[PDB]
Amino acid sequence: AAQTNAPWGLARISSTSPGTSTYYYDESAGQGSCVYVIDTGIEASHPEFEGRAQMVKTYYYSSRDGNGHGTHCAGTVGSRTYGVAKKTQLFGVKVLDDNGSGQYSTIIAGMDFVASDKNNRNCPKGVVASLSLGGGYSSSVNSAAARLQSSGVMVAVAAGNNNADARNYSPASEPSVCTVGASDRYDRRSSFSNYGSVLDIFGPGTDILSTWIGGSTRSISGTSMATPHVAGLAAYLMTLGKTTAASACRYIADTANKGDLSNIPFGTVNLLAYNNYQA
Ligand SMILES: [Ca+2]
Ligand SMILES: [Ca+2]
C-alpha cells in the first residue's frame, strides 16, 4: 500500500532515504495485533481510530484522554492517516493523568495490567506496548517493563528527551525492552533525544503529526513520538509474522537503516526503524 502525502515519520520508516512523503506498508497493516498505549488515554471516538481504539484501563476518575498525548501516540501507532499499523487494535491504559504525570506505582500497575490483560484480548498476531513516558531511573519501573516484556509483549519505551544518556531513565534503561530514540526528517538525531548504549533503535520523533483530542490533529516532538512508530512497526512486523514480541526489538534493529543518522554520539546505535517494505 502507499499513503501519499503521509506524515514524514511514516514515509521515513518505509524508506531507505529521508525526504520522501509516501508511506509504503503491507496492507495487512498490523491486523490481528494489539498495541497497548500506556499513556494519558486514547480519545477512542476520534474518527482516525475507526472504532479500533478502546480504553481498557484507567487509574483516574476518567479513562478520557484530557491531555492528548496518549491520543497522539495511539494515532501514530494505528490511526488511519497518522498510524504505522493502520489496522491494529489500540488499547488505552491511562496511567498518566491529564497533565501527563503519573506515579511510578501507577505506571508499574499499568504495565502489570497489560501483562495480564492481554489474556483478555484477541491479539493472535501479538501484543505490543507503547510506553511514551519516562522518568528517572527506577529498578522497579525497569522491572515492571521487563516483566511486561517477559510476559510476551513487545515493549517499546521512549529513550527520553533529556539529550542525555538514557542509562539514567526508566523504563528507557531497562535492557530487555526496546528503548527508542528520536530522529528528525533530515535524519539527524533529534536535539532532545536521549542516547547511550541502552538505546536499541531510533524512530521519527520531531514534528510528528498525529491525532489529537477533540477529534483534531497536532504535530509534536519527543522520543515519546518515536516510540509509537517503533511500537506500530513491531505490531506491523508481528502481523506479517516477521518477528515475535520477544524478538521484535532485535529484529527491528537488525533490519533498521544503519549509519544514516547524524549526531549519534559514539557508542549509541546508528539505527533508524525501517519496515523493509518492498512495494
Ligand atoms: Ca505522540
Ligand atoms: Ca533493549
# chains A, B, ... in the order shown; residues from 1 in each chain; ligands from 1

$ closest_atom_pairs --of "chain A" --to "ligand 1" --cutoff "12 Å" --atoms "only C-alpha atoms and all ligand atoms" --output "CSV"
residue,atom,partner,partner_atom_place_in_ligand_line,distance
A:9,CA,ligand 1,1 (Ca),11.5
A:37,CA,ligand 1,1 (Ca),10.0
A:38,CA,ligand 1,1 (Ca),11.4
A:39,CA,ligand 1,1 (Ca),9.5
A:40,CA,ligand 1,1 (Ca),10.5
A:41,CA,ligand 1,1 (Ca),11.4
A:42,CA,ligand 1,1 (Ca),10.8
A:67,CA,ligand 1,1 (Ca),11.1
A:68,CA,ligand 1,1 (Ca),8.3
A:69,CA,ligand 1,1 (Ca),5.4
A:70,CA,ligand 1,1 (Ca),6.4
A:71,CA,ligand 1,1 (Ca),7.1
A:72,CA,ligand 1,1 (Ca),4.0
A:73,CA,ligand 1,1 (Ca),3.2
A:74,CA,ligand 1,1 (Ca),6.9
A:75,CA,ligand 1,1 (Ca),7.2
A:76,CA,ligand 1,1 (Ca),6.3
A:77,CA,ligand 1,1 (Ca),8.6
A:78,CA,ligand 1,1 (Ca),11.2
A:79,CA,ligand 1,1 (Ca),11.3
A:82,CA,ligand 1,1 (Ca),10.1
A:83,CA,ligand 1,1 (Ca),10.3
A:100,CA,ligand 1,1 (Ca),11.8
A:130,CA,ligand 1,1 (Ca),10.1
A:131,CA,ligand 1,1 (Ca),10.3
A:132,CA,ligand 1,1 (Ca),7.4
A:133,CA,ligand 1,1 (Ca),10.3
A:158,CA,ligand 1,1 (Ca),10.7
A:182,CA,ligand 1,1 (Ca),11.8
A:203,CA,ligand 1,1 (Ca),11.9
A:204,CA,ligand 1,1 (Ca),10.6
A:205,CA,ligand 1,1 (Ca),8.7
A:206,CA,ligand 1,1 (Ca),10.2
A:207,CA,ligand 1,1 (Ca),9.8
A:208,CA,ligand 1,1 (Ca),7.2
A:209,CA,ligand 1,1 (Ca),8.2
A:210,CA,ligand 1,1 (Ca),6.8
A:211,CA,ligand 1,1 (Ca),8.1
A:212,CA,ligand 1,1 (Ca),8.7
A:213,CA,ligand 1,1 (Ca),11.4
A:217,CA,ligand 1,1 (Ca),10.6
A:218,CA,ligand 1,1 (Ca),9.0
A:219,CA,ligand 1,1 (Ca),8.4
A:220,CA,ligand 1,1 (Ca),7.0
A:221,CA,ligand 1,1 (Ca),7.7
A:222,CA,ligand 1,1 (Ca),7.8
A:223,CA,ligand 1,1 (Ca),8.8
A:224,CA,ligand 1,1 (Ca),6.1
A:225,CA,ligand 1,1 (Ca),4.2
A:226,CA,ligand 1,1 (Ca),7.7
A:227,CA,ligand 1,1 (Ca),8.1
A:228,CA,ligand 1,1 (Ca),6.9
A:229,CA,ligand 1,1 (Ca),9.0
A:230,CA,ligand 1,1 (Ca),11.8
A:231,CA,ligand 1,1 (Ca),11.5
A:232,CA,ligand 1,1 (Ca),11.6

$ write_last_selection --atoms "C-alpha atoms" --output "PDB file, in the first residue's frame"
ATOM      1  CA  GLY A   9       7.785   9.881  10.012  1.00  0.00           C
ATOM      2  CA  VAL A  37      -0.750   2.665  24.525  1.00  0.00           C
ATOM      3  CA  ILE A  38       0.242   3.238  28.141  1.00  0.00           C
ATOM      4  CA  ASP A  39      -0.036   6.987  28.409  1.00  0.00           C
ATOM      5  CA  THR A  40      -2.750   9.598  29.103  1.00  0.00           C
ATOM      6  CA  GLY A  41      -5.515   7.533  27.491  1.00  0.00           C
ATOM      7  CA  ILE A  42      -6.945   7.482  23.984  1.00  0.00           C
ATOM      8  CA  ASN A  67      -4.277  15.636  27.619  1.00  0.00           C
ATOM      9  CA  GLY A  68      -3.921  14.482  24.014  1.00  0.00           C
ATOM     10  CA  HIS A  69      -0.527  12.814  24.327  1.00  0.00           C
ATOM     11  CA  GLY A  70      -1.876   9.285  24.511  1.00  0.00           C
ATOM     12  CA  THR A  71      -4.287  10.054  21.693  1.00  0.00           C
ATOM     13  CA  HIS A  72      -1.371  11.392  19.655  1.00  0.00           C
ATOM     14  CA  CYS A  73       0.802   8.348  20.245  1.00  0.00           C
ATOM     15  CA  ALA A  74      -2.081   5.949  19.660  1.00  0.00           C
ATOM     16  CA  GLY A  75      -2.622   7.791  16.395  1.00  0.00           C
ATOM     17  CA  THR A  76       0.997   7.203  15.420  1.00  0.00           C
ATOM     18  CA  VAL A  77       0.674   3.541  16.358  1.00  0.00           C
ATOM     19  CA  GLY A  78      -2.527   2.944  14.458  1.00  0.00           C
ATOM     20  CA  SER A  79      -4.673   5.842  13.249  1.00  0.00           C
ATOM     21  CA  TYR A  82      -1.151   9.044  11.007  1.00  0.00           C
ATOM     22  CA  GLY A  83      -0.546   5.460  12.098  1.00  0.00           C
ATOM     23  CA  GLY A 100       0.820  13.838  31.554  1.00  0.00           C
ATOM     24  CA  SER A 130       3.976   1.628  23.526  1.00  0.00           C
ATOM     25  CA  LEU A 131       5.311   3.440  26.612  1.00  0.00           C
ATOM     26  CA  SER A 132       5.763   7.061  25.600  1.00  0.00           C
ATOM     27  CA  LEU A 133       6.556   8.036  29.193  1.00  0.00           C
ATOM     28  CA  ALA A 158      10.898   6.315  24.903  1.00  0.00           C
ATOM     29  CA  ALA A 182      14.175  10.188  18.189  1.00  0.00           C
ATOM     30  CA  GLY A 203      12.344   6.429  15.176  1.00  0.00           C
ATOM     31  CA  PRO A 204      10.885   9.680  13.850  1.00  0.00           C
ATOM     32  CA  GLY A 205      10.463  11.962  16.814  1.00  0.00           C
ATOM     33  CA  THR A 206      10.487  15.610  15.692  1.00  0.00           C
ATOM     34  CA  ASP A 207       7.371  17.262  14.291  1.00  0.00           C
ATOM     35  CA  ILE A 208       5.245  14.131  14.300  1.00  0.00           C
ATOM     36  CA  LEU A 209       1.776  14.895  13.014  1.00  0.00           C
ATOM     37  CA  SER A 210      -0.849  12.605  14.548  1.00  0.00           C
ATOM     38  CA  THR A 211      -4.273  12.537  16.151  1.00  0.00           C
ATOM     39  CA  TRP A 212      -5.232  14.826  18.989  1.00  0.00           C
ATOM     40  CA  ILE A 213      -8.108  15.065  21.427  1.00  0.00           C
ATOM     41  CA  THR A 217      -4.611  16.653  14.782  1.00  0.00           C
ATOM     42  CA  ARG A 218      -1.364  18.029  16.128  1.00  0.00           C
ATOM     43  CA  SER A 219       2.346  17.858  15.368  1.00  0.00           C
ATOM     44  CA  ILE A 220       4.653  17.491  18.379  1.00  0.00           C
ATOM     45  CA  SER A 221       8.130  16.207  19.114  1.00  0.00           C
ATOM     46  CA  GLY A 222       9.713  13.797  21.553  1.00  0.00           C
ATOM     47  CA  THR A 223      11.176  10.341  21.856  1.00  0.00           C
ATOM     48  CA  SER A 224       7.690   9.755  23.136  1.00  0.00           C
ATOM     49  CA  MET A 225       6.640  10.269  19.486  1.00  0.00           C
ATOM     50  CA  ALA A 226       9.354   7.976  18.160  1.00  0.00           C
ATOM     51  CA  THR A 227       8.207   5.207  20.499  1.00  0.00           C
ATOM     52  CA  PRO A 228       4.778   4.611  18.865  1.00  0.00           C
ATOM     53  CA  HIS A 229       6.483   4.470  15.465  1.00  0.00           C
ATOM     54  CA  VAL A 230       8.528   1.545  16.710  1.00  0.00           C
ATOM     55  CA  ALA A 231       5.555   0.113  18.599  1.00  0.00           C
ATOM     56  CA  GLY A 232       3.401   0.434  15.499  1.00  0.00           C
TER      57      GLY A 232
END

$ residues_near_ligand --ligand "ligand 2" --cutoff "10 Å" --atoms "only C-alpha atoms and all ligand atoms" --output "count of residues only"
21

$ atom_distance --atom1 "CA of residue 61 in chain A" --atom2 "CA of residue 36 in chain A"
19.7 Å

$ select_by_dssp --residues "range 13-57 of chain A" --states "strand (DSSP E)" --output "mmCIF file with C-alpha atoms, in the first residue's frame"
data_model
loop_
_atom_site.group_PDB
_atom_site.id
_atom_site.type_symbol
_atom_site.label_atom_id
_atom_site.label_comp_id
_atom_site.auth_asym_id
_atom_site.auth_seq_id
_atom_site.Cartn_x
_atom_site.Cartn_y
_atom_site.Cartn_z
ATOM 1 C CA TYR A 23 4.329 5.768 3.409
ATOM 2 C CA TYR A 24 4.641 2.255 1.977
ATOM 3 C CA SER A 33 -2.116 -7.392 16.536
ATOM 4 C CA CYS A 34 -2.829 -5.225 19.538
ATOM 5 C CA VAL A 35 -0.876 -2.258 20.804
ATOM 6 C CA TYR A 36 -1.369 -1.037 24.313
ATOM 7 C CA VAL A 37 -0.750 2.665 24.525
ATOM 8 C CA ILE A 38 0.242 3.238 28.141
ATOM 9 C CA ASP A 39 -0.036 6.987 28.409
ATOM 10 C CA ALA A 53 -9.315 2.104 19.785
ATOM 11 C CA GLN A 54 -10.764 1.490 23.190
ATOM 12 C CA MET A 55 -9.911 2.413 26.738
ATOM 13 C CA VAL A 56 -9.331 -0.735 28.788
ATOM 14 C CA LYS A 57 -7.944 0.715 31.995
#

$ residues_around --residues "residue 105 in chain A" --least-positions-apart "4" --cutoff "12 Å" --atoms "only C-alpha atoms" --output "number ranges by chain"
A: 59, 95-96, 101, 109-113, 138-144

$ write_last_selection --atoms "C-alpha atoms" --output "PDB file, in the first residue's frame"
ATOM      1  CA  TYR A  59      -6.206   4.745  37.307  1.00  0.00           C
ATOM      2  CA  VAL A  95      -1.508   5.560  33.708  1.00  0.00           C
ATOM      3  CA  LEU A  96      -0.901   9.293  33.230  1.00  0.00           C
ATOM      4  CA  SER A 101       2.072  12.857  35.010  1.00  0.00           C
ATOM      5  CA  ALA A 109       0.458  -1.279  37.906  1.00  0.00           C
ATOM      6  CA  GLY A 110      -0.455  -0.393  34.326  1.00  0.00           C
ATOM      7  CA  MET A 111       2.438  -2.395  32.936  1.00  0.00           C
ATOM      8  CA  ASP A 112       1.379  -5.331  35.088  1.00  0.00           C
ATOM      9  CA  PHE A 113      -2.188  -4.709  33.950  1.00  0.00           C
ATOM     10  CA  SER A 138      13.808   3.146  38.866  1.00  0.00           C
ATOM     11  CA  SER A 139      14.704  -0.501  39.285  1.00  0.00           C
ATOM     12  CA  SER A 140      11.038  -1.244  39.959  1.00  0.00           C
ATOM     13  CA  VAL A 141       9.794   0.606  36.879  1.00  0.00           C
ATOM     14  CA  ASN A 142      12.501  -1.161  34.863  1.00  0.00           C
ATOM     15  CA  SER A 143      11.492  -4.469  36.405  1.00  0.00           C
ATOM     16  CA  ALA A 144       7.849  -3.818  35.567  1.00  0.00           C
TER      17      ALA A 144
END

$ closest_residue --among "A:149, A:193, A:263, A:183" --to "residue 171 in chain A" --atoms "only C-alpha atoms"
A:149

$ closest_residue --among "A:251, A:169, A:195, A:236" --to "residue 134 in chain A" --atoms "only C-alpha atoms"
A:169
